[PDB]
Amino acid sequence: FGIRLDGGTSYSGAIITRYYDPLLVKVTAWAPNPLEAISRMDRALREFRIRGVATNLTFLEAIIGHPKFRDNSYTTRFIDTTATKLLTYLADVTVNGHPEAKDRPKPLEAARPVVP
Amino acid sequence: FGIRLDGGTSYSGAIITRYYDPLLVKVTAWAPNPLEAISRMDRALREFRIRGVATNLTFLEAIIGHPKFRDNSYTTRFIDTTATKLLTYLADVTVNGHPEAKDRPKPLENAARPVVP
Amino acid sequence: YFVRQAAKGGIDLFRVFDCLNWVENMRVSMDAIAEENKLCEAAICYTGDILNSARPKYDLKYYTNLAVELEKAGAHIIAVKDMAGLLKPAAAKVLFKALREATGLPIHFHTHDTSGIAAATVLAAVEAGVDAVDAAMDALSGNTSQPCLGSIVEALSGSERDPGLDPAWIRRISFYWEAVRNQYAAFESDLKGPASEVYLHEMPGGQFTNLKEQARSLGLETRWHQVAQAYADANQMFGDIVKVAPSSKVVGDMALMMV
Amino acid sequence: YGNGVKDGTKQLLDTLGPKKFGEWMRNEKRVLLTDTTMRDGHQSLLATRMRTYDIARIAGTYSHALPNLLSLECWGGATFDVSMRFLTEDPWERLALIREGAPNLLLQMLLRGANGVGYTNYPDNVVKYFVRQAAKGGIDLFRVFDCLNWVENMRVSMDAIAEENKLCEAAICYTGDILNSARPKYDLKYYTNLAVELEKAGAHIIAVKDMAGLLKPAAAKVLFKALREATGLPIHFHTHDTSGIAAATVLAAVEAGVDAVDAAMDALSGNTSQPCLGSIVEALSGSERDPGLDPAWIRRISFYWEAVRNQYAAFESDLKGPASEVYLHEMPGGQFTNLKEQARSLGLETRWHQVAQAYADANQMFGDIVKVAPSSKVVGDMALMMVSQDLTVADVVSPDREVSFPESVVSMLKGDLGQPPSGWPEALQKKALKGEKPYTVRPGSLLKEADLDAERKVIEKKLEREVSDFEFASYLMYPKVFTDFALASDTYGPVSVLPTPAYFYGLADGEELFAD
Amino acid sequence: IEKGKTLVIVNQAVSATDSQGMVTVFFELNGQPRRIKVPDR
Amino acid sequence: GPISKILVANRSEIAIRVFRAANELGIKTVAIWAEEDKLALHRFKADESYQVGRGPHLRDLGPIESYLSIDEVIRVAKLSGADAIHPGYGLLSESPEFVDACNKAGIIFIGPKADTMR
Ligand SMILES: [Cl-]
Ligand SMILES: [Mg+2]
Ligand SMILES: [Zn+2]
Ligand SMILES: [Zn+2]
């Protein structure tokens, strides 16, 4: 509800080169009132999943929650003046084994323990 | 402008399972008229590009491009009582090969297409 | 019915041949062609060696006679169909002189470069006055195909019988064909060039490769040396016959079988 | 599959000597035949990768089955360094093996005067030394050529060969079209004059080396008539079947009186190789000049090669049959293989058609030169880059275009390949050579004569054992390549003794191998 | 497809083979989405 | 006579904005692309799209300089037979040089007149 999107330049696997405006989408949030506008905008801004290339979403979510935007006390110098590790370990042991076990008895081929 | 999308499940990488209601993405069109709603819903639907699974976008445009619907002469019994060959080849052969080439030498990777002088 | 439609369709020159050279078996077609008002090139199939006294069934009188019969039957053109590329340059010197003395019809010569000396025969043939010859574009010539068009043309360039074909354009087209042919990597034979043994067995260009990839299919791959002789023998056992689709085939099946 | 060996041209040479042997060739009615299968054949089709193992084993059949053969071309050309560099094997041991297998035929090497087996230019005494060992090693017939057809650059070699009492066949390289008034530089007088000069220089035989298969049959008729009127020596004709009409030319030449001709066994003939031997013999059979070679045997041997050739699948080229473009570009047969597969390796597999046109152009820009190893290379390099840098000929010779000319071009233009009769084109060379100064004399004649005893000492100390005159000869020709082979030998024993499949691929599992 | 009249065709993706053993090829055809169903032999 | 066909002398979304406002009205679209813009969706979301910058008529022209080159614009407004050039914003949208070639070809600039640009 109340999120207009003007994008379509970006998608999974697309290439963004560096010769133009690097605008990904234009998120536009509307609200019944000016403040339900920001939380709607801040919810979209967060909800987003982009990866492969870096983003200003964490700069945008730092602009819209700062009390000077919330009540209209900004000027034109508001801005200018204010798990892999896990997949890695797995693969690492999947490939070389654990040194504390790799050369000893293995468990039977096995009831995972079940908490009562 | 004017379109809303209730998203959630559809992306690149998505896994679509036959255990549940087949709802990929719900779409809602807005216009200051009920005959621009129809083209604002026609437009978005024609813009979608979903690869991997089929959809009813052809049927979804079909109902809103239909003479009975577009002007409100319609009821609740409305629906109940209402190149390709060439892409078939291509598809078939891309999935299964041609029998005459299937188990023989392929061309160099790597080869200039013939140009008429 | 078929010759009718073929003529409707766009064929102008019909080279008509019979796989045992039997004129009786050519008339229906020759008549048909002539009724459609098109060109009837009646082919005589070449085989043996006119200059080999030791195999006299296929001597020179054999061809010139067939030339005359074929004229009588209403040929517009006579073709020598050398399907296994067996005619040799010295024989060409003789054969085309003889035929052009035996009939007043034009002579058309068609051959294969299996021996890898077909171009030689074509040039001798031309020296002897033969009226027309077949060649393939370079990109598709040599081996079991025809001799090289470009190279034959170059060789005649500026002689009294110059065919005046633009060898620049020949190259240009040939390059295109070369491109086309790369696409067909699937259907390339494993034959690497000249084989003089064509003179022992006489298997036609069409069917020398096919037979070798029959001969392996069947596990005698180490043996297309005896198959070679068997074909030659079987041929003689049949009474020494003309071997071109589909006679050739028959002989092959036998040779395979005997081995 | 007999009994002992009929005496052949080998015995004939030993009794007559080179001079009277040649007059014998001249006087013989039957055309004479050289089989090129063991050298030029696989050079042109298989990248000279054929191994001693396959080649030694067929010497005795040749010896018994085809005793009428004039010679086996079986040494020289690229085989000298290829064997060592890529096959891990001694070419002297190859030569020895064929010598003991065929004690009745002449054994023939291609020799490039100035340089012998020559990757470069050697003092006269090194060329002299080399020919001496080659005559010790088993060679009877040396076909000597010079990549510019500069007789001057062949005098050393010819004198050496003669000195050793062996056949000196001086070759004239054929290029252009003697019947094309348009290209007057390579006319008939060009060749006939050359024949006469080669005769004065002491040749026992004149060869026509048509390295790119450019002779056409109509010209073979003119040329060979002319040559035989111009010199009383016998004429030997070599050619390649790149146009797919060399067999015609050969047949034309034979009618014309030519004394000997080359051909390759059928299984390694055609394309950039020689015309087919079986089929030329069959065409001649029963004629006045009938060579008298047993076509049943030709076939048997051919079949053996065919099998042998299947082993070397990996060195087969992408060339698919007759190419009349040869008249346009003029790339020699022994350099139509390496080049278009070098052009792949460079990222120019799709644009080898363009290359050809500049290689044609280049030739003209260097001034229309004979192109045979190594002039031929130097020429490849120019088109290679006129395309890699997308340059034209006024662009190659452009004051405002920094071309980084290949070494080989730098070198030839300086003097190391010698002189074409017109000299080199000043401006290209003035720009090409970048301040470095050119010369115009015989490169041979500027070189300090090799201190053989010293140089021998260098190599002997290096292997840490004495070496044989032969092995030493190898080192003078190719120090680095020989050094390596010598050490690769010390590690691996006589791998030449291995069957080709084992040599290139070792052994499957459970597989058993007899190795002598 | 005619002397007109070019079809621009792109192969977008293919799917894992299903049950009924039918594969679905996803084409672009003059900038529009089509999908075609083929069995996998 | 109506405007049946629209060129977007622009790229990116704002092109994509216009194709839509236009499309919902039955109006046909037209795009333009650089060489380095050979992948930009808008070119595919157009009803039709021709290249700009590259080719034997140019050496080539730098990615953006081509989206600016008014040699190219016209050359493509014509080639499609399109009758109103919607410059969008940024890039070229406020130049008279762009409303003098559009007046050299007779096309309709969806904005203010030419000398309103100076
Ligand atoms: Cl070296
Ligand atoms: Mg003689
Ligand atoms: Zn045929
Ligand atoms: Zn050669």
# chains A, B, ... in the order shown; residues from 1 in each chain; ligands from 1
>>> select_by_dssp(residues="range 3-106 of chain C", states="helix (DSSP H, G or I)", output="MDAnalysis selection string")
chainID C and resid 3:9 23:35 56:58 60:72 89:100
>>> write_last_selection(atoms="N, CA and C atoms", output="short mmCIF file (atom, residue, chain, number, x, y, z; two decimals), in the first residue's frame")
data_model
loop_
_atom_site.label_atom_id
_atom_site.label_comp_id
_atom_site.auth_asym_id
_atom_site.auth_seq_id
_atom_site.Cartn_x
_atom_site.Cartn_y
_atom_site.Cartn_z
N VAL C 3 8.55 -36.18 -64.52
CA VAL C 3 9.39 -35.41 -65.41
C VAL C 3 8.60 -34.17 -65.77
N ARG C 4 7.30 -34.33 -65.98
CA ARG C 4 6.43 -33.18 -66.18
C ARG C 4 6.62 -32.14 -65.07
N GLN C 5 6.45 -32.54 -63.81
CA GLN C 5 6.41 -31.59 -62.70
C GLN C 5 7.77 -30.97 -62.52
N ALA C 6 8.79 -31.79 -62.74
CA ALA C 6 10.17 -31.34 -62.61
C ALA C 6 10.43 -30.22 -63.61
N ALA C 7 9.82 -30.31 -64.78
CA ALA C 7 10.05 -29.32 -65.80
C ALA C 7 9.24 -28.07 -65.45
N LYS C 8 8.01 -28.28 -64.99
CA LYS C 8 7.18 -27.18 -64.52
C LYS C 8 7.99 -26.43 -63.48
N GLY C 9 8.64 -27.18 -62.60
CA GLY C 9 9.22 -26.64 -61.40
C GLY C 9 10.39 -25.76 -61.66
N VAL C 23 20.09 -49.00 -72.66
CA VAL C 23 19.36 -47.93 -73.34
C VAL C 23 17.85 -48.17 -73.23
N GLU C 24 17.42 -49.42 -73.34
CA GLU C 24 16.01 -49.77 -73.25
C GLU C 24 15.38 -49.15 -72.02
N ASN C 25 16.08 -49.21 -70.89
CA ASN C 25 15.60 -48.58 -69.67
C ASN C 25 15.65 -47.01 -69.60
N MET C 26 16.04 -46.34 -70.70
CA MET C 26 16.14 -44.87 -70.70
C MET C 26 15.05 -44.12 -71.52
N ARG C 27 14.31 -44.87 -72.34
CA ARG C 27 13.44 -44.25 -73.31
C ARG C 27 12.25 -43.51 -72.69
N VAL C 28 11.54 -44.18 -71.79
CA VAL C 28 10.40 -43.55 -71.16
C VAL C 28 10.79 -42.16 -70.68
N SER C 29 11.94 -42.04 -70.03
CA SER C 29 12.34 -40.75 -69.49
C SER C 29 12.75 -39.87 -70.61
N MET C 30 13.49 -40.41 -71.57
CA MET C 30 14.02 -39.51 -72.57
C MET C 30 12.83 -38.93 -73.37
N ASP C 31 11.92 -39.80 -73.77
CA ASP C 31 10.69 -39.35 -74.36
C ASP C 31 10.03 -38.29 -73.50
N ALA C 32 9.80 -38.56 -72.21
CA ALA C 32 9.21 -37.55 -71.33
C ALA C 32 9.90 -36.16 -71.41
N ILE C 33 11.20 -36.17 -71.24
CA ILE C 33 11.97 -34.94 -71.27
C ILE C 33 11.63 -34.23 -72.56
N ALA C 34 11.87 -34.92 -73.67
CA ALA C 34 11.63 -34.31 -74.96
C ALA C 34 10.18 -33.77 -75.09
N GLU C 35 9.19 -34.46 -74.54
CA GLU C 35 7.84 -33.97 -74.65
C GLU C 35 7.68 -32.65 -73.90
N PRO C 56 38.00 -56.39 -71.97
CA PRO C 56 37.66 -55.76 -73.22
C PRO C 56 36.18 -55.50 -73.35
N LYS C 57 35.44 -55.86 -72.31
CA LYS C 57 33.99 -55.67 -72.31
C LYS C 57 33.69 -54.19 -72.41
N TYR C 58 34.56 -53.39 -71.79
CA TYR C 58 34.42 -51.96 -71.82
C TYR C 58 35.46 -51.29 -72.69
N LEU C 60 36.35 -49.17 -76.45
CA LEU C 60 36.04 -47.86 -76.94
C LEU C 60 34.76 -47.97 -77.74
N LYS C 61 34.59 -49.10 -78.44
CA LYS C 61 33.43 -49.33 -79.38
C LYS C 61 32.21 -49.36 -78.56
N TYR C 62 32.36 -49.85 -77.32
CA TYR C 62 31.28 -49.87 -76.36
C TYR C 62 30.72 -48.49 -76.12
N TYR C 63 31.58 -47.50 -75.90
CA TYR C 63 31.09 -46.13 -75.74
C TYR C 63 30.59 -45.50 -77.01
N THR C 64 31.32 -45.58 -78.10
CA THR C 64 30.88 -44.89 -79.28
C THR C 64 29.56 -45.46 -79.77
N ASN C 65 29.34 -46.77 -79.57
CA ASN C 65 28.08 -47.38 -80.01
C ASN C 65 26.91 -46.80 -79.24
N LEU C 66 27.13 -46.69 -77.93
CA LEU C 66 26.12 -46.23 -77.01
C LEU C 66 25.82 -44.78 -77.26
N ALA C 67 26.85 -44.07 -77.68
CA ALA C 67 26.68 -42.73 -78.13
C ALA C 67 25.72 -42.71 -79.32
N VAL C 68 25.93 -43.60 -80.27
CA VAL C 68 25.07 -43.53 -81.45
C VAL C 68 23.62 -43.94 -81.12
N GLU C 69 23.45 -45.06 -80.39
CA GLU C 69 22.13 -45.48 -79.93
C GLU C 69 21.39 -44.38 -79.23
N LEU C 70 22.08 -43.73 -78.28
CA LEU C 70 21.53 -42.65 -77.49
C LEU C 70 21.08 -41.45 -78.31
N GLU C 71 21.83 -41.14 -79.37
CA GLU C 71 21.45 -40.12 -80.34
C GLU C 71 20.16 -40.57 -80.95
N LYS C 72 20.13 -41.78 -81.47
CA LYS C 72 18.91 -42.28 -82.10
C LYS C 72 17.72 -42.17 -81.17
N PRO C 89 43.85 -39.61 -68.03
CA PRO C 89 44.06 -38.55 -69.01
C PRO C 89 44.36 -39.12 -70.37
N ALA C 90 45.18 -40.16 -70.43
CA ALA C 90 45.47 -40.69 -71.74
C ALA C 90 44.20 -41.20 -72.39
N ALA C 91 43.29 -41.83 -71.65
CA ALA C 91 42.02 -42.34 -72.21
C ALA C 91 41.07 -41.20 -72.66
N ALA C 92 41.11 -40.09 -71.92
CA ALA C 92 40.33 -38.92 -72.26
C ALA C 92 40.78 -38.42 -73.63
N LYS C 93 42.10 -38.42 -73.84
CA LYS C 93 42.64 -37.98 -75.12
C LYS C 93 41.94 -38.78 -76.23
N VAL C 94 41.83 -40.09 -76.02
CA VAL C 94 41.20 -40.97 -77.00
C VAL C 94 39.67 -40.91 -77.02
N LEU C 95 39.05 -41.04 -75.86
CA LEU C 95 37.61 -41.19 -75.77
C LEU C 95 36.86 -40.01 -76.41
N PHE C 96 37.25 -38.80 -76.05
CA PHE C 96 36.52 -37.64 -76.53
C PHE C 96 36.76 -37.34 -78.01
N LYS C 97 37.91 -37.73 -78.52
CA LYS C 97 38.14 -37.63 -79.92
C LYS C 97 37.13 -38.57 -80.61
N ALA C 98 37.03 -39.79 -80.10
CA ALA C 98 36.28 -40.85 -80.73
C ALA C 98 34.79 -40.53 -80.74
N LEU C 99 34.32 -39.96 -79.66
CA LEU C 99 32.91 -39.81 -79.51
C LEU C 99 32.57 -38.65 -80.37
N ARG C 100 33.47 -37.67 -80.49
CA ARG C 100 33.06 -36.51 -81.24
C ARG C 100 33.12 -36.76 -82.74
#
>>> interface_residues(of="chain B", to="chain C", cutoff="7 Å", atoms="only C-alpha atoms", output="ChimeraX atom specification")
/B:101,104-107,113-117
>>> select_by_dssp(residues="range 19-95 of chain B", states="strand (DSSP E or B)", output="MDAnalysis selection string")
chainID B and resid 26:29
>>> write_last_selection(atoms="N, CA and C atoms", output="mmCIF file, in the first residue's frame")
data_model
loop_
_atom_site.group_PDB
_atom_site.id
_atom_site.type_symbol
_atom_site.label_atom_id
_atom_site.label_comp_id
_atom_site.auth_asym_id
_atom_site.auth_seq_id
_atom_site.Cartn_x
_atom_site.Cartn_y
_atom_site.Cartn_z
ATOM 1 N N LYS B 26 -0.207 -10.377 -6.947
ATOM 2 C CA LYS B 26 -1.486 -9.661 -7.037
ATOM 3 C C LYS B 26 -1.263 -8.238 -7.561
ATOM 4 N N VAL B 27 -2.072 -7.816 -8.529
ATOM 5 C CA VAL B 27 -1.898 -6.495 -9.119
ATOM 6 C C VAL B 27 -3.173 -5.695 -9.060
ATOM 7 N N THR B 28 -3.024 -4.400 -8.795
ATOM 8 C CA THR B 28 -4.122 -3.486 -8.646
ATOM 9 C C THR B 28 -3.774 -2.228 -9.407
ATOM 10 N N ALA B 29 -4.697 -1.799 -10.270
ATOM 11 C CA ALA B 29 -4.539 -0.606 -11.116
ATOM 12 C C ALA B 29 -5.375 0.524 -10.570
#
>>> closest_atom_pairs(of="chain F", to="chain A", cutoff="12 Å", atoms="only C-alpha atoms", output="JSON lines")
{"residue": "F:10", "atom": "CA", "partner": "A:20", "partner_atom": "CA", "distance": 11.6}
{"residue": "F:11", "atom": "CA", "partner": "A:9", "partner_atom": "CA", "distance": 9.7}
{"residue": "F:12", "atom": "CA", "partner": "A:9", "partner_atom": "CA", "distance": 6.4}
{"residue": "F:13", "atom": "CA", "partner": "A:7", "partner_atom": "CA", "distance": 5.6}
{"residue": "F:14", "atom": "CA", "partner": "A:6", "partner_atom": "CA", "distance": 8.2}
{"residue": "F:15", "atom": "CA", "partner": "A:8", "partner_atom": "CA", "distance": 10.4}
{"residue": "F:16", "atom": "CA", "partner": "A:8", "partner_atom": "CA", "distance": 7.6}
{"residue": "F:17", "atom": "CA", "partner": "A:6", "partner_atom": "CA", "distance": 7.2}
{"residue": "F:18", "atom": "CA", "partner": "A:6", "partner_atom": "CA", "distance": 11.0}
{"residue": "F:20", "atom": "CA", "partner": "A:6", "partner_atom": "CA", "distance": 10.8}
{"residue": "F:34", "atom": "CA", "partner": "A:19", "partner_atom": "CA", "distance": 10.9}
{"residue": "F:35", "atom": "CA", "partner": "A:19", "partner_atom": "CA", "distance": 11.5}
{"residue": "F:36", "atom": "CA", "partner": "A:17", "partner_atom": "CA", "distance": 8.3}
{"residue": "F:37", "atom": "CA", "partner": "A:17", "partner_atom": "CA", "distance": 9.4}
{"residue": "F:38", "atom": "CA", "partner": "A:15", "partner_atom": "CA", "distance": 11.0}
{"residue": "F:39", "atom": "CA", "partner": "A:15", "partner_atom": "CA", "distance": 8.2}
{"residue": "F:40", "atom": "CA", "partner": "A:9", "partner_atom": "CA", "distance": 6.9}
{"residue": "F:41", "atom": "CA", "partner": "A:9", "partner_atom": "CA", "distance": 6.3}
{"residue": "F:42", "atom": "CA", "partner": "A:9", "partner_atom": "CA", "distance": 7.8}
{"residue": "F:43", "atom": "CA", "partner": "A:9", "partner_atom": "CA", "distance": 10.7}
{"residue": "F:44", "atom": "CA", "partner": "A:9", "partner_atom": "CA", "distance": 11.1}
{"residue": "F:45", "atom": "CA", "partner": "A:8", "partner_atom": "CA", "distance": 9.6}
{"residue": "F:62", "atom": "CA", "partner": "A:19", "partner_atom": "CA", "distance": 9.3}
{"residue": "F:63", "atom": "CA", "partner": "A:19", "partner_atom": "CA", "distance": 6.8}
{"residue": "F:64", "atom": "CA", "partner": "A:19", "partner_atom": "CA", "distance": 7.2}
{"residue": "F:65", "atom": "CA", "partner": "A:19", "partner_atom": "CA", "distance": 10.6}
{"residue": "F:66", "atom": "CA", "partner": "A:19", "partner_atom": "CA", "distance": 11.8}
{"residue": "F:67", "atom": "CA", "partner": "A:20", "partner_atom": "CA", "distance": 10.5}
{"residue": "F:90", "atom": "CA", "partner": "A:21", "partner_atom": "CA", "distance": 10.5}
{"residue": "F:91", "atom": "CA", "partner": "A:20", "partner_atom": "CA", "distance": 10.2}
>>> write_last_selection(atoms="N, CA and C atoms", output="compact mmCIF listing (two decimals), in the first residue's frame")
# COMPACT_ATOMS: atom_id res chain seq x y z
N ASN F 10 15.95 10.25 -24.85
CA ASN F 10 16.45 9.98 -23.52
C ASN F 10 16.53 8.47 -23.31
N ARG F 11 16.93 8.07 -22.10
CA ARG F 11 17.10 6.68 -21.72
C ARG F 11 16.47 6.45 -20.36
N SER F 12 16.93 5.39 -19.69
CA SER F 12 16.69 5.14 -18.27
C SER F 12 15.19 4.97 -18.01
N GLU F 13 14.79 5.17 -16.75
CA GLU F 13 13.37 5.12 -16.38
C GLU F 13 12.59 6.20 -17.14
N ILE F 14 13.05 7.44 -17.06
CA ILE F 14 12.26 8.53 -17.53
C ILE F 14 11.78 8.29 -18.97
N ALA F 15 12.59 7.59 -19.77
CA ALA F 15 12.13 6.99 -21.03
C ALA F 15 10.97 6.04 -20.78
N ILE F 16 11.17 5.14 -19.79
CA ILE F 16 10.21 4.10 -19.34
C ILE F 16 8.91 4.69 -18.76
N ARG F 17 9.03 5.83 -18.08
CA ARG F 17 7.86 6.62 -17.68
C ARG F 17 7.01 7.03 -18.90
N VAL F 18 7.68 7.59 -19.90
CA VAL F 18 7.01 8.12 -21.06
C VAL F 18 6.43 7.04 -21.96
N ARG F 20 5.07 4.51 -21.13
CA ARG F 20 3.85 4.11 -20.39
C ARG F 20 2.71 5.10 -20.48
N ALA F 34 22.97 4.00 -27.28
CA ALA F 34 24.41 4.04 -27.55
C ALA F 34 24.94 2.63 -27.93
N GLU F 35 26.27 2.43 -28.00
CA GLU F 35 26.81 1.06 -28.07
C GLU F 35 26.84 0.45 -26.67
N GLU F 36 27.28 1.25 -25.71
CA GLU F 36 27.36 0.82 -24.31
C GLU F 36 25.98 0.85 -23.65
N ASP F 37 24.96 1.25 -24.42
CA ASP F 37 23.57 1.15 -23.98
C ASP F 37 22.82 0.04 -24.72
N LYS F 38 23.57 -0.91 -25.28
CA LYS F 38 22.95 -2.03 -26.00
C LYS F 38 22.11 -2.97 -25.11
N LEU F 39 22.17 -2.77 -23.79
CA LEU F 39 21.48 -3.65 -22.86
C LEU F 39 20.32 -2.97 -22.14
N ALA F 40 20.27 -1.64 -22.21
CA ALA F 40 19.24 -0.86 -21.52
C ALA F 40 17.83 -1.25 -21.92
N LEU F 41 17.11 -1.82 -20.95
CA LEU F 41 15.69 -2.21 -21.09
C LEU F 41 14.78 -1.29 -21.94
N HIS F 42 14.76 0.00 -21.60
CA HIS F 42 14.00 1.00 -22.37
C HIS F 42 14.08 0.76 -23.86
N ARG F 43 15.24 0.31 -24.35
CA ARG F 43 15.38 0.05 -25.78
C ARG F 43 14.51 -1.15 -26.17
N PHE F 44 14.34 -2.07 -25.23
CA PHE F 44 13.51 -3.25 -25.45
C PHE F 44 12.04 -3.00 -25.11
N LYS F 45 11.82 -2.16 -24.09
CA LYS F 45 10.48 -1.67 -23.72
C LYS F 45 9.90 -0.67 -24.74
N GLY F 62 31.55 8.83 -27.87
CA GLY F 62 31.53 8.46 -26.44
C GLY F 62 30.16 8.36 -25.79
N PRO F 63 29.91 7.25 -25.06
CA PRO F 63 28.60 6.81 -24.60
C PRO F 63 27.54 7.91 -24.48
N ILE F 64 27.83 8.93 -23.67
CA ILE F 64 26.90 10.04 -23.39
C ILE F 64 26.86 11.05 -24.54
N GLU F 65 28.03 11.46 -25.03
CA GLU F 65 28.14 12.33 -26.21
C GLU F 65 27.23 11.91 -27.40
N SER F 66 26.98 10.60 -27.52
CA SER F 66 26.06 10.03 -28.52
C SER F 66 24.58 10.28 -28.17
N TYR F 67 24.23 10.11 -26.89
CA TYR F 67 22.89 10.49 -26.39
C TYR F 67 22.66 12.00 -26.44
N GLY F 90 17.12 16.38 -18.23
CA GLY F 90 18.59 16.28 -18.24
C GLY F 90 19.17 16.22 -19.65
N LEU F 91 20.17 15.36 -19.83
CA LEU F 91 20.83 15.13 -21.14
C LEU F 91 20.75 16.30 -22.19
>>> closest_atom_pairs(of="chain D", to="ligand 1", cutoff="10 Å", atoms="only C-alpha atoms and all ligand atoms", output="JSON lines")
{"residue": "D:81", "atom": "CA", "partner": "ligand 1", "partner_atom_place_in_ligand_line": "1 (Cl)", "distance": 8.5}
{"residue": "D:85", "atom": "CA", "partner": "ligand 1", "partner_atom_place_in_ligand_line": "1 (Cl)", "distance": 9.0}
{"residue": "D:118", "atom": "CA", "partner": "ligand 1", "partner_atom_place_in_ligand_line": "1 (Cl)", "distance": 9.8}
{"residue": "D:119", "atom": "CA", "partner": "ligand 1", "partner_atom_place_in_ligand_line": "1 (Cl)", "distance": 7.6}
{"residue": "D:120", "atom": "CA", "partner": "ligand 1", "partner_atom_place_in_ligand_line": "1 (Cl)", "distance": 9.5}
{"residue": "D:474", "atom": "CA", "partner": "ligand 1", "partner_atom_place_in_ligand_line": "1 (Cl)", "distance": 9.5}
{"residue": "D:475", "atom": "CA", "partner": "ligand 1", "partner_atom_place_in_ligand_line": "1 (Cl)", "distance": 8.0}
{"residue": "D:476", "atom": "CA", "partner": "ligand 1", "partner_atom_place_in_ligand_line": "1 (Cl)", "distance": 8.9}
{"residue": "D:477", "atom": "CA", "partner": "ligand 1", "partner_atom_place_in_ligand_line": "1 (Cl)", "distance": 7.2}
{"residue": "D:478", "atom": "CA", "partner": "ligand 1", "partner_atom_place_in_ligand_line": "1 (Cl)", "distance": 3.7}
{"residue": "D:479", "atom": "CA", "partner": "ligand 1", "partner_atom_place_in_ligand_line": "1 (Cl)", "distance": 4.8}
{"residue": "D:480", "atom": "CA", "partner": "ligand 1", "partner_atom_place_in_ligand_line": "1 (Cl)", "distance": 4.0}
{"residue": "D:481", "atom": "CA", "partner": "ligand 1", "partner_atom_place_in_ligand_line": "1 (Cl)", "distance": 4.3}
{"residue": "D:482", "atom": "CA", "partner": "ligand 1", "partner_atom_place_in_ligand_line": "1 (Cl)", "distance": 6.9}
{"residue": "D:483", "atom": "CA", "partner": "ligand 1", "partner_atom_place_in_ligand_line": "1 (Cl)", "distance": 8.4}
{"residue": "D:484", "atom": "CA", "partner": "ligand 1", "partner_atom_place_in_ligand_line": "1 (Cl)", "distance": 9.2}
>>> residues_near_ligand(ligand="ligand 3", cutoff="8 Å", atoms="only C-alpha atoms and all ligand atoms", output="list in words")
residues 81, 82, 83, 84, 110, 111, 112, 145, 146, 204, 205 and 206 of chain C
>>> residues_near_ligand(ligand="ligand 4", cutoff="6 Å", atoms="only C-alpha atoms and all ligand atoms", output="list in words")
residues 40, 211 and 334 of chain D
>>> closest_residue(among="C:74, C:10, C:85, C:150", to="chain D", atoms="only C-alpha atoms")
C:150
>>> residues_around(residues="residue 2 in chain E", least_positions_apart="4", cutoff="12 Å", atoms="only C-alpha atoms", output="PyMOL selection string")
(chain B and resi 83) or (chain E and resi 6-7)
>>> interface_residues(of="chain C", to="chain D", cutoff="6 Å", atoms="only C-alpha atoms", output="MDAnalysis selection string")
chainID C and resid 115 117 119:120 138 142 150:151 193:196
>>> write_last_selection(atoms="C-alpha atoms", output="mmCIF file, in the first residue's frame")
data_model
loop_
_atom_site.group_PDB
_atom_site.id
_atom_site.type_symbol
_atom_site.label_atom_id
_atom_site.label_comp_id
_atom_site.auth_asym_id
_atom_site.auth_seq_id
_atom_site.Cartn_x
_atom_site.Cartn_y
_atom_site.Cartn_z
ATOM 1 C CA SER C 115 42.176 -40.620 -57.604
ATOM 2 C CA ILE C 117 44.042 -36.769 -60.819
ATOM 3 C CA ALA C 119 41.663 -32.243 -63.007
ATOM 4 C CA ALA C 120 44.258 -33.791 -65.289
ATOM 5 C CA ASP C 138 36.880 -25.094 -54.417
ATOM 6 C CA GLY C 142 38.559 -32.647 -54.470
ATOM 7 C CA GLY C 150 38.649 -22.382 -59.550
ATOM 8 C CA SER C 151 41.865 -24.224 -60.370
ATOM 9 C CA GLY C 193 42.771 -37.365 -49.777
ATOM 10 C CA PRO C 194 43.784 -39.206 -52.900
ATOM 11 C CA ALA C 195 43.294 -42.939 -53.088
ATOM 12 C CA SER C 196 44.634 -44.640 -56.207
#
>>> closest_residue(among="A:81, A:76, A:58, A:12", to="chain B", atoms="only C-alpha atoms")
A:12
>>> closest_residue(among="E:38, E:22, E:10, E:16", to="chain B", atoms="only C-alpha atoms")
E:38
>>> residues_near_ligand(ligand="ligand 2", cutoff="10 Å", atoms="only C-alpha atoms and all ligand atoms", output="list in words")
residues 22, 23, 24, 25, 26, 27, 28, 29, 30, 31, 32, 233, 234, 235, 236, 254, 257, 258, 259, 260 and 289 of chain D
